[PDB]
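Asks: What follows is run.pdb; its format and atoms are PDB, C-alpha atoms.
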```pdb
MODEL        1
ATOM      1  CA  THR C 528      89.191  -7.276   8.888
ATOM      2  CA  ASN C 529      85.987  -5.223   8.878
ATOM      3  CA  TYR C 530      83.422  -6.803  11.159
ATOM      4  CA  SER C 531      84.544 -10.053  12.748
ATOM      5  CA  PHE C 532      82.196 -12.509  14.432
ATOM      6  CA  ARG C 533      83.024 -14.561  17.509
ATOM      7  CA  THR C 534      81.190 -17.709  18.514
ATOM      8  CA  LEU C 535      80.392 -17.453  22.197
ATOM      9  CA  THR C 536      79.304 -20.344  24.351
ATOM     10  CA  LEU C 537      75.825 -19.793  25.706
ATOM     11  CA  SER C 538      74.457 -22.211  28.260
ATOM     12  CA  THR C 539      70.713 -22.958  28.227
ATOM     13  CA  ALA C 540      69.992 -20.582  31.143
ATOM     14  CA  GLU C 541      72.275 -17.764  29.956
ATOM     15  CA  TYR C 542      71.201 -18.399  26.378
ATOM     16  CA  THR C 543      67.584 -17.506  26.975
ATOM     17  CA  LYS C 544      68.667 -14.523  29.079
ATOM     18  CA  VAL C 545      70.697 -13.038  26.219
ATOM     19  CA  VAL C 546      68.285 -13.957  23.432
ATOM     20  CA  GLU C 547      65.339 -12.307  25.136
ATOM     21  CA  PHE C 548      67.425  -9.300  26.169
ATOM     22  CA  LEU C 549      68.398  -8.420  22.597
ATOM     23  CA  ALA C 550      64.922  -9.311  21.363
ATOM     24  CA  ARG C 551      63.561  -6.547  23.579
ATOM     25  CA  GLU C 552      66.151  -4.166  22.139
ATOM     26  CA  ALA C 553      65.121  -5.069  18.608
ATOM     27  CA  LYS C 554      61.383  -5.136  19.392
ATOM     28  CA  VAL C 555      61.250  -1.689  20.971
ATOM     29  CA  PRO C 556      63.172   0.960  18.983
ATOM     30  CA  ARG C 557      66.370   1.952  20.765
ATOM     31  CA  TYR C 558      68.756   2.221  17.832
ATOM     32  CA  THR C 559      69.074   5.276  15.614
ATOM     33  CA  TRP C 560      72.050   3.886  13.719
ATOM     34  CA  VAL C 561      69.950   1.050  12.334
ATOM     35  CA  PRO C 562      66.113   1.103  12.039
ATOM     36  CA  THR C 563      65.358  -1.995  14.098
ATOM     37  CA  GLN C 564      61.756  -0.914  14.722
ATOM     38  CA  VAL C 565      60.816  -1.751  11.139
ATOM     39  CA  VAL C 566      62.910  -4.921  11.220
ATOM     40  CA  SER C 567      60.975  -6.381  14.160
ATOM     41  CA  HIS C 568      57.800  -5.397  12.318
ATOM     42  CA  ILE C 569      58.758  -7.712   9.466
ATOM     43  CA  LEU C 570      57.360 -11.199   9.526
ATOM     44  CA  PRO C 571      60.198 -13.632   8.698
ATOM     45  CA  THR C 572      57.506 -15.571   6.868
ATOM     46  CA  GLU C 573      57.635 -13.165   3.927
ATOM     47  CA  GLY C 574      61.340 -13.639   3.399
ATOM     48  CA  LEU C 575      64.073 -11.025   3.624
ATOM     49  CA  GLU C 576      62.787  -8.530   1.049
ATOM     50  CA  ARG C 577      61.423  -6.219   3.748
ATOM     51  CA  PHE C 578      64.552  -6.737   5.850
ATOM     52  CA  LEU C 579      66.699  -5.494   2.969
ATOM     53  CA  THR C 580      64.288  -2.625   2.360
ATOM     54  CA  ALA C 581      64.602  -1.595   6.008
ATOM     55  CA  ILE C 582      68.298  -0.893   5.461
ATOM     56  CA  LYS C 583      67.798   0.237   1.852
ATOM     57  CA  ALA C 584      69.514  -2.848   0.452
ATOM     58  CA  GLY C 585      67.574  -2.905  -2.800
ATOM     59  CA  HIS C 586      70.676  -4.029  -4.702
ATOM     60  CA  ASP C 587      72.273  -6.285  -2.091
ATOM     61  CA  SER C 588      69.118  -8.428  -1.994
ATOM     62  CA  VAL C 589      70.226  -9.805  -5.358
ATOM     63  CA  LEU C 590      73.077 -11.556  -3.578
ATOM     64  CA  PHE C 591      70.548 -13.418  -1.465
ATOM     65  CA  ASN C 592      68.513 -14.397  -4.498
ATOM     66  CA  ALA C 593      71.668 -15.750  -6.095
ATOM     67  CA  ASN C 594      72.352 -17.967  -3.098
ATOM     68  CA  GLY C 595      68.727 -19.072  -2.966
ATOM     69  CA  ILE C 596      67.871 -17.047   0.102
ATOM     70  CA  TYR C 597      64.343 -15.712  -0.300
ATOM     71  CA  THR C 598      62.330 -17.760   2.170
ATOM     72  CA  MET C 599      61.648 -18.148   5.883
ATOM     73  CA  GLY C 600      64.091 -20.173   7.902
ATOM     74  CA  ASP C 601      66.683 -20.183   5.131
ATOM     75  CA  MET C 602      68.255 -16.917   6.282
ATOM     76  CA  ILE C 603      68.341 -18.105   9.895
ATOM     77  CA  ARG C 604      69.527 -21.557   8.833
ATOM     78  CA  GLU C 605      72.318 -20.063   6.736
ATOM     79  CA  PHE C 606      73.264 -17.962   9.749
ATOM     80  CA  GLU C 607      73.446 -21.018  11.981
ATOM     81  CA  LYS C 608      75.332 -22.997   9.356
ATOM     82  CA  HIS C 609      77.712 -20.229   8.303
ATOM     83  CA  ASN C 610      76.810 -16.816   9.810
ATOM     84  CA  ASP C 611      79.037 -15.214   7.171
ATOM     85  CA  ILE C 612      76.211 -15.636   4.659
ATOM     86  CA  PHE C 613      76.214 -11.976   3.687
ATOM     87  CA  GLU C 614      79.981 -12.037   3.172
ATOM     88  CA  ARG C 615      79.632 -15.302   1.264
ATOM     89  CA  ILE C 616      76.842 -14.156  -1.061
ATOM     90  CA  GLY C 617      78.676 -10.965  -1.967
ATOM     91  CA  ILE C 618      77.166  -8.297   0.282
ATOM     92  CA  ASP C 619      78.782  -4.843   0.086
ATOM     93  CA  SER C 620      81.481  -4.522   2.761
ATOM     94  CA  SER C 621      80.880  -0.773   3.100
ATOM     95  CA  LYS C 622      77.548  -1.599   4.746
ATOM     96  CA  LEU C 623      78.454  -5.083   5.965
ATOM     97  CA  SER C 624      78.391  -3.906   9.561
ATOM     98  CA  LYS C 625      74.900  -2.421   9.329
ATOM     99  CA  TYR C 626      73.622  -5.555   7.610
ATOM    100  CA  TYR C 627      75.083  -7.894  10.210
ATOM    101  CA  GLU C 628      73.798  -5.683  13.030
ATOM    102  CA  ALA C 629      70.170  -5.886  11.884
ATOM    103  CA  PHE C 630      70.553  -9.573  11.029
ATOM    104  CA  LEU C 631      71.637 -10.393  14.574
ATOM    105  CA  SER C 632      68.671  -8.609  16.123
ATOM    106  CA  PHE C 633      66.330 -10.467  13.768
ATOM    107  CA  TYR C 634      67.737 -13.845  14.795
ATOM    108  CA  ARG C 635      67.366 -12.970  18.475
ATOM    109  CA  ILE C 636      63.697 -12.001  18.059
ATOM    110  CA  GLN C 637      62.990 -15.150  16.071
ATOM    111  CA  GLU C 638      64.570 -17.357  18.730
ATOM    112  CA  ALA C 639      62.904 -15.384  21.533
ATOM    113  CA  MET C 640      59.521 -16.329  20.085
ATOM    114  CA  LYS C 641      60.447 -19.987  20.531
ATOM    115  CA  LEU C 642      62.134 -19.287  23.866
ATOM    116  CA  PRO C 643      60.480 -21.229  26.726
ATOM    117  CA  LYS C 644      62.242 -18.994  29.276
TER
ATOM    118  CA  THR Q 528      69.311 -30.174  29.064
ATOM    119  CA  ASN Q 529      69.638 -28.485  32.460
ATOM    120  CA  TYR Q 530      72.764 -26.503  31.689
ATOM    121  CA  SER Q 531      73.885 -27.615  28.240
ATOM    122  CA  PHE Q 532      75.847 -25.212  26.072
ATOM    123  CA  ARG Q 533      74.671 -23.798  22.772
ATOM    124  CA  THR Q 534      76.987 -21.984  20.395
ATOM    125  CA  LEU Q 535      75.801 -18.442  19.760
ATOM    126  CA  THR Q 536      77.272 -16.162  17.129
ATOM    127  CA  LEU Q 537      78.137 -12.710  18.404
ATOM    128  CA  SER Q 538      78.947  -9.759  16.174
ATOM    129  CA  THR Q 539      81.823  -7.512  17.260
ATOM    130  CA  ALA Q 540      79.452  -4.740  18.411
ATOM    131  CA  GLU Q 541      76.833  -7.117  19.826
ATOM    132  CA  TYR Q 542      79.544  -9.139  21.526
ATOM    133  CA  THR Q 543      80.679  -6.383  23.833
ATOM    134  CA  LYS Q 544      77.072  -5.400  24.482
ATOM    135  CA  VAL Q 545      76.140  -8.953  25.494
ATOM    136  CA  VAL Q 546      79.313  -9.570  27.504
ATOM    137  CA  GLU Q 547      78.821  -6.364  29.463
ATOM    138  CA  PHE Q 548      75.070  -6.990  29.789
ATOM    139  CA  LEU Q 549      75.502 -10.292  31.618
ATOM    140  CA  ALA Q 550      78.281  -8.735  33.668
ATOM    141  CA  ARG Q 551      75.837  -6.078  34.867
ATOM    142  CA  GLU Q 552      73.242  -8.676  35.841
ATOM    143  CA  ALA Q 553      75.860 -10.714  37.663
ATOM    144  CA  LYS Q 554      77.279  -7.579  39.296
ATOM    145  CA  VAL Q 555      74.285  -5.894  40.894
ATOM    146  CA  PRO Q 556      72.203  -8.467  42.822
ATOM    147  CA  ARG Q 557      69.211  -9.522  40.763
ATOM    148  CA  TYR Q 558      69.132 -13.280  41.329
ATOM    149  CA  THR Q 559      68.106 -15.362  44.322
ATOM    150  CA  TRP Q 560      68.774 -18.647  42.565
ATOM    151  CA  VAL Q 561      72.501 -17.995  42.319
ATOM    152  CA  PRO Q 562      74.566 -15.741  44.630
ATOM    153  CA  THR Q 563      76.233 -13.971  41.711
ATOM    154  CA  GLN Q 564      76.225 -10.704  43.680
ATOM    155  CA  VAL Q 565      79.074 -11.996  45.845
ATOM    156  CA  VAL Q 566      80.654 -13.771  42.892
ATOM    157  CA  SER Q 567      81.302 -10.468  41.094
ATOM    158  CA  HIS Q 568      82.998  -9.381  44.310
ATOM    159  CA  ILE Q 569      85.203 -12.465  44.284
ATOM    160  CA  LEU Q 570      88.713 -12.065  43.010
ATOM    161  CA  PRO Q 571      89.338 -14.908  40.526
ATOM    162  CA  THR Q 572      92.924 -14.596  41.703
ATOM    163  CA  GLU Q 573      92.240 -16.351  45.020
ATOM    164  CA  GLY Q 574      91.315 -19.454  43.099
ATOM    165  CA  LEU Q 575      87.893 -21.070  43.020
ATOM    166  CA  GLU Q 576      87.412 -21.600  46.760
ATOM    167  CA  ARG Q 577      85.702 -18.234  47.208
ATOM    168  CA  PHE Q 578      83.436 -19.075  44.274
ATOM    169  CA  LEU Q 579      82.526 -22.409  45.869
ATOM    170  CA  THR Q 580      81.979 -20.689  49.219
ATOM    171  CA  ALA Q 581      79.528 -18.262  47.620
ATOM    172  CA  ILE Q 582      77.199 -21.104  46.644
ATOM    173  CA  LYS Q 583      78.132 -23.128  49.744
ATOM    174  CA  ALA Q 584      79.957 -25.711  47.647
ATOM    175  CA  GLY Q 585      82.256 -26.744  50.468
ATOM    176  CA  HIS Q 586      81.889 -30.378  49.418
ATOM    177  CA  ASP Q 587      81.938 -30.031  45.646
ATOM    178  CA  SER Q 588      85.266 -28.177  45.852
ATOM    179  CA  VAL Q 589      86.816 -31.597  46.492
ATOM    180  CA  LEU Q 590      86.062 -32.498  42.886
ATOM    181  CA  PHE Q 591      88.146 -29.564  41.751
ATOM    182  CA  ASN Q 592      91.026 -30.545  44.003
ATOM    183  CA  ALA Q 593      90.824 -34.060  42.608
ATOM    184  CA  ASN Q 594      91.255 -32.736  39.090
ATOM    185  CA  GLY Q 595      94.001 -30.386  40.254
ATOM    186  CA  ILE Q 596      91.872 -27.271  39.978
ATOM    187  CA  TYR Q 597      92.612 -24.940  42.881
ATOM    188  CA  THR Q 598      94.365 -22.018  41.248
ATOM    189  CA  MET Q 599      93.431 -18.745  39.584
ATOM    190  CA  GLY Q 600      92.623 -18.680  35.906
ATOM    191  CA  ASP Q 601      92.800 -22.475  35.870
ATOM    192  CA  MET Q 602      89.053 -22.882  36.343
ATOM    193  CA  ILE Q 603      88.233 -20.355  33.619
ATOM    194  CA  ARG Q 604      90.960 -21.706  31.341
ATOM    195  CA  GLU Q 605      89.700 -25.247  31.920
ATOM    196  CA  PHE Q 606      86.219 -23.993  31.066
ATOM    197  CA  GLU Q 607      87.528 -22.625  27.795
ATOM    198  CA  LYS Q 608      89.403 -25.811  26.972
ATOM    199  CA  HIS Q 609      86.790 -28.271  28.241
ATOM    200  CA  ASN Q 610      83.546 -26.473  29.254
ATOM    201  CA  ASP Q 611      82.381 -29.709  30.883
ATOM    202  CA  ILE Q 612      84.843 -29.287  33.745
ATOM    203  CA  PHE Q 613      82.315 -29.511  36.576
ATOM    204  CA  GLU Q 614      80.626 -32.439  34.845
ATOM    205  CA  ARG Q 615      83.961 -34.220  34.411
ATOM    206  CA  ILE Q 616      85.311 -33.624  37.921
ATOM    207  CA  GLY Q 617      82.127 -35.002  39.440
ATOM    208  CA  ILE Q 618      80.103 -31.982  40.532
ATOM    209  CA  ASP Q 619      76.666 -32.803  41.945
ATOM    210  CA  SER Q 620      74.161 -32.581  39.085
ATOM    211  CA  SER Q 621      71.414 -31.374  41.438
ATOM    212  CA  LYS Q 622      73.396 -28.157  41.882
ATOM    213  CA  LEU Q 623      75.349 -28.399  38.621
ATOM    214  CA  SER Q 624      73.101 -25.840  36.967
ATOM    215  CA  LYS Q 625      73.565 -23.282  39.739
ATOM    216  CA  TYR Q 626      77.311 -23.867  39.761
ATOM    217  CA  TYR Q 627      77.549 -23.322  36.035
ATOM    218  CA  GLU Q 628      75.203 -20.321  36.197
ATOM    219  CA  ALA Q 629      77.466 -18.500  38.624
ATOM    220  CA  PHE Q 630      80.466 -19.842  36.702
ATOM    221  CA  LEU Q 631      79.261 -18.509  33.350
ATOM    222  CA  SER Q 632      78.200 -15.159  34.752
ATOM    223  CA  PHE Q 633      81.579 -14.910  36.503
ATOM    224  CA  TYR Q 634      83.462 -15.444  33.241
ATOM    225  CA  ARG Q 635      81.328 -12.764  31.599
ATOM    226  CA  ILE Q 636      82.267 -10.292  34.349
ATOM    227  CA  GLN Q 637      85.938 -11.244  34.121
ATOM    228  CA  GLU Q 638      86.016 -10.735  30.366
ATOM    229  CA  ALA Q 639      83.995  -7.542  30.706
ATOM    230  CA  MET Q 640      86.839  -6.252  32.876
ATOM    231  CA  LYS Q 641      89.030  -6.145  29.788
ATOM    232  CA  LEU Q 642      86.049  -5.410  27.574
ATOM    233  CA  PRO Q 643      85.944  -1.844  26.184
ATOM    234  CA  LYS Q 644      82.630  -1.419  24.344
TER
ENDMDL
END
```
What would you get if you wrote out this structure as structure tokens?
Replies:
Amino acid sequence: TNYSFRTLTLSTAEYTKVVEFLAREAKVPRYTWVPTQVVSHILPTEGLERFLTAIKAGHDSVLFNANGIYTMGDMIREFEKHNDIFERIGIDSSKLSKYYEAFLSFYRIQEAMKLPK
Amino acid sequence: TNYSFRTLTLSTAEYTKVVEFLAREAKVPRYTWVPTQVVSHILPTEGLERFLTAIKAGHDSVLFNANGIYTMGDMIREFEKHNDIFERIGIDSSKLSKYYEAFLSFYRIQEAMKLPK
């Protein structure tokens, strides 16, 4: 289609292993394709404005505003409830991949902070 | 929870990265809790006996036989269809976590075999 998502089954032990693994990848810059270093620098408490800015999504952010996504937890919640939030709100498909890539790393970091290990 | 399953959403690119990541961990010995190092050496074509032997599950294997699970692919396929296979057959809960840990890591390796990047 473009960028399909697959729901994998993650057991409690493997779950924390994967979540923390990707969190480290997102925390410490290791991606040149997508600036994750700035993404992990963003506090999810501000919203998603900085997240969009990180990928230069100054116009795509409007889609979030339309859906009521401009707060903390909402973006993650929408991801857990749907995951295809960006596709649903009307995000540009030409950059859909880049958006979803950064979004995934963000979720991992967020969960890793709550991860008991 | 012990070894409960949580649905995680994996992006196409992240999916292969995660699948291969766990396969690497389960391949090269890095755990003392679960003998995954020998598990990655096990041919899932012999059945599940070798897998049970790895963790010294010479008694729990009976539960599999009871359910009719003693063939190749059957255990993994049953995991896909049920996921609570070991729980259903009557695996000992005191070792249930370890069984599932090796089980999950094994599936990751198996899938990684067909996994490109």
Asks: Within 10 Å of chain Q, which residues of chain C show up when using all atoms listed in the file, listed as a list in words?
Replies: residues 529, 530, 531, 532, 533, 534, 535, 536, 537, 538, 539, 540, 541, 542, 544, 545, 546, 548, 549, 606, 607, 609, 610, 624, 627, 628, 630, 631 and 632 of chain C
Asks: Go ahead and write the residues just picked, C-alpha atoms, as a tab-separated table (two decimals), keeping the file's coordinate frame.
Replies:
```tsv
chain	number	residue	atom	x	y	z
C	529	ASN	CA	85.99	-5.22	8.88
C	530	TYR	CA	83.42	-6.80	11.16
C	531	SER	CA	84.54	-10.05	12.75
C	532	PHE	CA	82.20	-12.51	14.43
C	533	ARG	CA	83.02	-14.56	17.51
C	534	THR	CA	81.19	-17.71	18.51
C	535	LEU	CA	80.39	-17.45	22.20
C	536	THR	CA	79.30	-20.34	24.35
C	537	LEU	CA	75.82	-19.79	25.71
C	538	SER	CA	74.46	-22.21	28.26
C	539	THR	CA	70.71	-22.96	28.23
C	540	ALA	CA	69.99	-20.58	31.14
C	541	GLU	CA	72.28	-17.76	29.96
C	542	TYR	CA	71.20	-18.40	26.38
C	544	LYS	CA	68.67	-14.52	29.08
C	545	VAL	CA	70.70	-13.04	26.22
C	546	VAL	CA	68.28	-13.96	23.43
C	548	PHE	CA	67.42	-9.30	26.17
C	549	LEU	CA	68.40	-8.42	22.60
C	606	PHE	CA	73.26	-17.96	9.75
C	607	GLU	CA	73.45	-21.02	11.98
C	609	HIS	CA	77.71	-20.23	8.30
C	610	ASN	CA	76.81	-16.82	9.81
C	624	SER	CA	78.39	-3.91	9.56
C	627	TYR	CA	75.08	-7.89	10.21
C	628	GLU	CA	73.80	-5.68	13.03
C	630	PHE	CA	70.55	-9.57	11.03
C	631	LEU	CA	71.64	-10.39	14.57
C	632	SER	CA	68.67	-8.61	16.12
```
Asks: Can you state the RMSD, in Å, between chain C and chain Q once they are superposed by least squares on every Cα paired in order?
Replies: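 Here the RMSD amounts to 1.0 Å.
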Asks: Spell out the residues picked by the PyMOL selection byres ((chain Q and resi 599) around 12) here, as an MDAnalysis selection string.
Replies: chainID Q and resid 569:578 595:598 600:605 637
Asks: Which distance in Å separates CA of residue 587 (chain Q) and CA of residue 618 (chain Q), to one decimal?
Replies: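 For CA of residue 587 (chain Q) relative to CA of residue 618 (chain Q), the distance reads 5.8 Å.
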Asks: Under the PyMOL selection byres ((chain C and resi 561) around 9), which residues of this model are included? Write them out as a PyMOL selection string.
Replies: chain C and resi 558-560+562-564+581-582+625-626+628-629
Asks: Rank nothing, just name the residue among C:591, C:552, C:586, C:638 nearest to residue 622 (chain C), using all atoms listed in the file.
Replies: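 Nearest to residue 622 (chain C): C:586.
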Asks: As an exercise, work out the distance from CA of residue 588 (chain Q) to CA of residue 565 (chain Q) in Å and give it to one decimal place.
Replies: 17.3 Å
Asks: Which residue gives the smallest distance to residue 592 (chain Q) among Q:579, Q:616, Q:550, Q:555, with only C-alpha atoms counted?
Replies: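 Closest to residue 592 (chain Q), using only C-alpha atoms: Q:616.
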Asks: Please rebuild region 552-564 of chain C with N, CA and C atoms and return the result as an mmCIF file, in the coordinates of the input.
Replies:
```
data_model
loop_
_atom_site.group_PDB
_atom_site.id
_atom_site.type_symbol
_atom_site.label_atom_id
_atom_site.label_comp_id
_atom_site.auth_asym_id
_atom_site.auth_seq_id
_atom_site.Cartn_x
_atom_site.Cartn_y
_atom_site.Cartn_z
ATOM 1 N N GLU C 552 65.448 -5.294 22.741
ATOM 2 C CA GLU C 552 66.151 -4.166 22.139
ATOM 3 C C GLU C 552 65.716 -3.979 20.693
ATOM 4 N N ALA C 553 65.537 -5.090 19.998
ATOM 5 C CA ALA C 553 65.121 -5.069 18.608
ATOM 6 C C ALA C 553 63.622 -4.805 18.466
ATOM 7 N N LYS C 554 62.836 -5.313 19.414
ATOM 8 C CA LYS C 554 61.383 -5.136 19.392
ATOM 9 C C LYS C 554 61.012 -3.670 19.588
ATOM 10 N N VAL C 555 61.507 -3.088 20.670
ATOM 11 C CA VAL C 555 61.250 -1.689 20.971
ATOM 12 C C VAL C 555 62.407 -0.852 20.452
ATOM 13 N N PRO C 556 62.131 0.120 19.573
ATOM 14 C CA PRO C 556 63.172 0.960 18.983
ATOM 15 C C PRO C 556 64.073 1.608 20.030
ATOM 16 N N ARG C 557 65.369 1.396 19.867
ATOM 17 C CA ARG C 557 66.370 1.952 20.765
ATOM 18 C C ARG C 557 67.679 2.147 20.014
ATOM 19 N N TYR C 558 67.596 2.070 18.691
ATOM 20 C CA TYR C 558 68.756 2.221 17.832
ATOM 21 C C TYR C 558 68.449 3.221 16.729
ATOM 22 N N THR C 559 69.258 4.259 16.635
ATOM 23 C CA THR C 559 69.074 5.276 15.614
ATOM 24 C C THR C 559 70.016 5.011 14.448
ATOM 25 N N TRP C 560 71.066 4.246 14.727
ATOM 26 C CA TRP C 560 72.050 3.886 13.719
ATOM 27 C C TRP C 560 71.432 2.935 12.702
ATOM 28 N N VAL C 561 70.615 2.016 13.190
ATOM 29 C CA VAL C 561 69.950 1.050 12.334
ATOM 30 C C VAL C 561 68.478 0.925 12.734
ATOM 31 N N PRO C 562 67.557 1.183 11.787
ATOM 32 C CA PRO C 562 66.113 1.103 12.039
ATOM 33 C C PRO C 562 65.664 -0.320 12.368
ATOM 34 N N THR C 563 65.738 -0.670 13.642
ATOM 35 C CA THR C 563 65.358 -1.995 14.098
ATOM 36 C C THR C 563 63.850 -2.105 14.285
ATOM 37 N N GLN C 564 63.203 -0.963 14.513
ATOM 38 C CA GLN C 564 61.756 -0.914 14.722
ATOM 39 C C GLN C 564 60.999 -1.515 13.540
#
```
